[PDB]
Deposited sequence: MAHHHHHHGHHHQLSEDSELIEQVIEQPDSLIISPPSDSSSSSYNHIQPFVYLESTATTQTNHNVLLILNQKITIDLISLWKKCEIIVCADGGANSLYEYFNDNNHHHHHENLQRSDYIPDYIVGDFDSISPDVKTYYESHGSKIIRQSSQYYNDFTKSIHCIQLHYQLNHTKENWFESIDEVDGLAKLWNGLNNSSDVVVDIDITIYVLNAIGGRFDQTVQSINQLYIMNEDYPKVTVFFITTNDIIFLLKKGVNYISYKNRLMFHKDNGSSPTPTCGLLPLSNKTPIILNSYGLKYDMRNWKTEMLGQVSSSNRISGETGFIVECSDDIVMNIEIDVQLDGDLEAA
């Protein structure tokens, strides 16, 4: 079998575009903003303005509220969903009194993240026709059932491009972090036209799709404040799925890989860097998570 190679490249390279997946993770610097329960440390307003719909997952509402501790009243989430065991009474009242669509789901088998995603998927299927499509659903798992029902009735338009920016889904309770990644892989397998970006305090996390991927951006300066001790943005390729091992070929990373097999309990490329000034290429034998540091 081919030699697993790692090529140390110069700090800067120009990679020409490659039949392939084109990812533009930094365009933000059908858009949906999903807010989970963690203190918001990014330029919320800037992202918000680029999104068509904003959804708060239970406690995410508190996070949005507290962000204003700008007029808090100018940023009302379209939907607030979950079992509501974290959202605070005052916050809940506040947004309810401002028109946020409340979807309480008491199911102990789906978390607020999943319930919110279902709400988002159902929104792009039923909202344009019925603004209050959510009001009469089952209180336990109506979102789960309804999304399942629509597919059973063939009433689902599988042809709609959605980009979901998720805040506060990574970095908190570890099981929540892993569940989010799990759903990232699952959603791509089930709904390939939905692109998910987890934007955290330290980086942006997305999925590289089986095959050739071309990640582009104007330049690295848009997401990596000019260094001097850091001529390159940090990144990683994380094989967190049940498909192992994954073969990687990269062009444009500081430590470029050629037929390099990656898997947990094996070698994992972390602390890699981006040398491509305008983009880089990653070919993978199966879906794999990639994180790029932002600062």
item: Chain regions without C-alpha coordinates, deposited sequence numbering; value: 1-18, 37-42, 54-62, 103-112, 339-348
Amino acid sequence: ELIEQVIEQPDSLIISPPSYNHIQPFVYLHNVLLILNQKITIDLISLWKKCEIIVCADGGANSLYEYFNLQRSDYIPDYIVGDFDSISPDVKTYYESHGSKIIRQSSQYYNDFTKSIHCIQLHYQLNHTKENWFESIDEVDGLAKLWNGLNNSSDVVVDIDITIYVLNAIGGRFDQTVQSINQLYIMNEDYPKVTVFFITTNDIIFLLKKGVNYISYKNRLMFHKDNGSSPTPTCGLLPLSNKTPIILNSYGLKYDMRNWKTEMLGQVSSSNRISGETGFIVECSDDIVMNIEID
From here on, numbers count along this sequence of modelled residues.
property: 101-109 set against 153-161, stretch whose average Cα temperature factor tops the other in the entry; result: 153-161
property: 121-129 versus 177-185 - greater average Cα B-factor per the deposited record; result: 121-129
property: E66, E263, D58, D256, ranked by C-alpha B-factor: the highest one; result: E66
property: Given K210, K115, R72, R220, the residue at which the Cα B factor reaches its maximum; result: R72
property: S229 by Cα B-factor - lowest, middle or highest third of the modelled chain; result: highest
property: Within-chain third of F26 by Cα B-factor, per the entry; result: middle
property: Chain third (lowest, middle, highest) by recorded CA B-factor, residue given as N62; result: middle
property: Entry-reported Cα temperature factor of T200, expressed as the chain third it lands in; result: middle
property: Chain-wide C-alpha B factor ranking for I247, given as lowest, middle or highest third; result: middle
